[PDB]
Amino acid sequence: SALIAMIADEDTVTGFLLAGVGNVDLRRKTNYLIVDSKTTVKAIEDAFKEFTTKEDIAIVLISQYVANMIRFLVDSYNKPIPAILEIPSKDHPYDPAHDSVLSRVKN
Amino acid sequence: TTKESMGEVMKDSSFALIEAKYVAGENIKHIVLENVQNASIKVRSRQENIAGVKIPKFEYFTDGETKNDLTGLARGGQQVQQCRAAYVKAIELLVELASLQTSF
Amino acid sequence: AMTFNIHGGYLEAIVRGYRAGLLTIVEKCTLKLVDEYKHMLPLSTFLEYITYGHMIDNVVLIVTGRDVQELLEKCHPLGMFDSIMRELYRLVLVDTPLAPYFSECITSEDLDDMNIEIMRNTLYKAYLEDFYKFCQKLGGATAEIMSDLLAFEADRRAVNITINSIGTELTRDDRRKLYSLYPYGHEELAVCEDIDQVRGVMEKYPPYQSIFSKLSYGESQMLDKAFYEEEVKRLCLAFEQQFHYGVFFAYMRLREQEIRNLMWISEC
């Protein structure tokens with residue numbers, strides 16, 4: 001259906017948000033904009049548990065797991081389809097840590 | 001294999017941002033945010049029963065239905081070749097992750 | 001050139017010193033240049049025209065519609081002029097010569113200024129009005145350089161049109177009109193409908209020619225990146241720094257080029 005990050009490095013996210021339509025997976029109309037680092041990205045995990053899990057958006061995004069604060073979404077490993085994400089670099093190289101799906105994928 | 005493609009995907013993607021900075025400088029920012037010539041965020045996933053277990057075929061952007069493009073920007077082609085390819089990789093990554101978790 | 005000695009010598013000397021002084025980070029550099037211009041506030045008209053173009057950019061940003069005020073604040077106050085939707089475009093038209101042409105091109109206000117393709121036409125009309133304001137300097141060598149730069153911008157716009165905006169359904173006559181004396185007439189680059197065919201014709205333009213060269217990056221790109229090498233050459237034209245003329249706009253262009261180079265360097 002769609003995939004809402006609502007928090008990331010946003011450098012590649014803006015270029016991967018939308019060009020012609022699809023409302024950037026409703027990240028603009030609903031949820032939150034892909035831009036992050038202004039606030040805690042634990043709210044991103046909360047939105048993924050709320051908005052992404054609401055069947056509107058399949059996946060999410062978090063960067064490098066260092067400042068991504070994705071340890072709150074560590075329990076989100078169960079039910080992989082509502083909460084599936086892989087840490088890219090996007091100028092912040094991925095660091096293996098407790099995240100949404102990083103621990104399960106690494107294991 | 002998808003994880004091996006990951007990381008190199010972001011390394012390729014950074015080139016699109018560098019090209020955008022070189023050509024068009026600052027992006028549109030705000031709602032527009034520019035930097036996108038293709039890979040609209042629209043997907044299509046379906047749970048499929050394999051070996052008696054339903055496996056969601058999580059096909060994300062650049063591999064999901066209703067994807068849209070709007071011509072090309074100054075570095076819009078670079079974004080399509082870098083950022084949109086990352087979406088194609090991420091589609092397979094999500095599908096494989098869900099299938100692997102269910103199978104495990 | 002005795003007029004410079006008779007009057008205006010101090011301001012010209014200050015502008016020349018500011019130009020020779022300069023050879024995130026880009027935003028900070030642009031804000032510093034804007035502060036220098038404000039402290040400073042002929043060549044003054046050229047600097048005003050350059051600021052008018054930089055304000056046409058911010059107006060097209062503001063005419064559309066998302067923290068727009070924050071985005072304008074992040075830009076330089078020279079680009080984001082304090083004096084400065086259909087109402088937003090109409091208000092921008094005042095005190096800025098470039099904005100009313102952008103409003104005329106954008107008949108649907110923000111809708112006809114979509115960042116995908118429509119904002120390109122709106123900004124092209126704004127740049128055309130800014131070029132008219134520059135031409136209102138009653139000519140000159142700096143006016144000739146501005147005309148060459150405007151011709152380069154028009155050729156880049158036409159090349160980007162034939163490359164990608166055909167899918168955006170911009171009419172060939174309209175796109176040529178959208179792509180802007182020298183910028184006004186560019187039939188050679190618009191003769192070829194094919195993107196590959198039109199790229200060669202656009203490179204055949206004297207502003208694009210002899211500067212783009214191989215043009216691995218540049219003429220192939222869309223938007224207004226076709227004359228990127230010609231822009232650096234025009235910056236090198238200011239490197240001559242011939243005195244007794246109007247080079248305040250050249251100083252602003254050199255400062256902007258330095259800011260862009262600093263941004264491109266980024267880390268290391």
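Residues numbered from 1 in each chain as written, not as in the entry; some residues may be left out. Chains lettered and ligands numbered in written order. Part of a larger assembly, values for the part shown. Heavy atoms only, no water. Residues with missing side-chain atoms left out of burial classes, pairs and counts.

J.: Go over the overall build of chain A, please, and point to the residues and values.
T.: The number of helices and strands found in chain A is four helices and zero strands. Counting from the amino terminus, helix and strand elements in chain A follow one another as α-α-α-α. Relative to the compact-globule value of 13 Å for 107 residues, chain A shows a C-alpha radius of gyration of 12 Å, a close match. Sequence-distant contacts, at least 24 apart, represent 75% of the contacts inside chain A between residues at least 6 apart. (Helix = DSSP H or I, 4+ residues; strand = E, 2+ residues; numbered from the N terminus. Rg over C-alpha atoms; globule rule 2.2 N^0.38 Å. Contact = heavy atoms within 4.5 Å.)

J.: Tell me about the overall build of chain C, residues and numbers included.
T.: Counting its secondary structure elements, chain C contains 14 helices and zero strands. For chain C, the α and β elements follow one another from N to C terminus as α-α-α-α-α-α-α-α-α-α-α-α-α-α. Computed over C-alpha atoms, the radius of gyration of chain C comes to 18 Å, within 12% of the 18 Å expected from 2.2 N^0.38 for 268 residues, which places it in the range of a compact globule. A principal-axis box enclosing the C-alpha atoms of chain C has dimensions of 55 × 45 × 40 Å.

J.: Requested: an account of unusual backbone geometry, with residues and values cited.
T.: Residues and elements named next belong to chain B. Backbone geometry places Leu33, a non-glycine residue, at a positive phi of 70 degrees. Structurally, the position occupied by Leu33 is in the loop between α1 (2-23) and β1 (44-50). In this model, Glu34 sits at a positive phi of 50 degrees, which is unusual for a non-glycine residue. Locating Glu34 in the fold gives a position in the loop between α1 and β1.

J.: Explain the packing of α1 of chain B against helix α2 (residues 76-103) of chain B residue by residue, including any values.
T.: All names here are of chain B. Where α1 contacts α2, the two axes come as close as 8 Å, and the packing angle between them is 155 degrees. Between α1 and α2, the angle is such that the two are roughly antiparallel. In this structure, α1 crosses over α2, and the sense of that crossing is left-handed. Of the residues in α2, those touching α1 at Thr2, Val9, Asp12, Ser13, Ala16 and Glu19 are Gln78, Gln79, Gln82, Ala86, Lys89, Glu92 and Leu93. Partitioned by chemical class, the residues of the contact of α1 with α2 number four nonpolar, five polar and four charged. (Axes fitted to C-alpha atoms, helices over the stretch in contact; angles between N-to-C directions. Parallel < 35°, antiparallel > 145°, perpendicular 65-115°, else oblique. Left-handed = near helix turned anticlockwise from the far one by under 90°. Nonpolar A, V, L, I, M, F, W, Y, C, P; charged D, E, K, R; others polar.)

J.: Can you break down the arrangement of the chains residue by residue, with the values?
T.: Here two pairs of chains are in contact, and chains A and B lead that list by number of contacts. Between chain A and chain C there is no contact, and the shortest C-alpha to C-alpha separation is 7 Å.

J.: Can you lay out the interface of chain B and chain C for me, pointing to particular residues and giving the numbers?
T.: Each side of the interface is counted separately: chain B has ten residues, and chain C has eight residues. Of the residues that constitute the side of chain B that touches chain C, the class distribution is seven nonpolar, three polar and no charged.

J.: Outline the interface of chain B and chain A, supporting the account with residue identities and numerical values.
T.: Residue-level contacts link 23 residues of chain B with 19 residues of chain A. Elements that contribute at least two residues to the side of chain B that touches chain A include exactly α1, β1 and α2 of chain B. Considering each element in turn, the side of chain B that touches chain A owes the most residues, four residues, to α2 of chain B.

J.: Requested: an account of the pairing of β1 of chain B, with residues and values cited.
T.: Side-chain positions along a regular strand alternate between the two faces of the sheet. Residues and elements named next belong to chain B. Taken together, the seven bridges between β1 and strand β2 (residues 53-59) define a ladder with antiparallel strand orientation. By the bridge assignment, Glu48 is partnered in β2 with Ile55. Connecting β1 to the antiparallel partner β2 that follows it, the hairpin turn spans two residues, and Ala51 within it adopts a positive phi of roughly 55 degrees. (Pairing = 2+ DSSP bridges.)

J.: Tell me about the packing of helix α9 (residues 141-165) of chain C against helix α12 (residues 195-203) of chain C, and name the residues and values.
T.: Residues and elements named next belong to chain C. For the pair α9 and α12, interaxial distance at closest approach is 8 Å and the crossing angle is 170 degrees. As summarised for this structure, α9 and α12 are arranged roughly antiparallel, according to the angle between their axes. Between α9, through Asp155, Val159, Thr162 and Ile163, and α12, the contact on the second element is made entirely by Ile195, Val198 and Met202. Residues that form the contact of α9 with α12 fall into these classes: five nonpolar, one polar and one charged.

J.: Provide a residue-level description of α1 of chain B, including the pertinent values.
T.: All names here are of chain B. With 22 residues, α1 should reach 32 Å at 1.5 Å per residue; the first-to-last C-alpha distance of 31 Å fits that figure. Of all the bends in α1, the greatest measures close to 25 degrees and is centred on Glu8. One or two residues past the end of α1 sits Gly25, with phi positive at roughly 65 degrees. (Expected span 1.5 Å × (residues − 1). Bend = angle between axes of the 7 residues up to and from the residue.)

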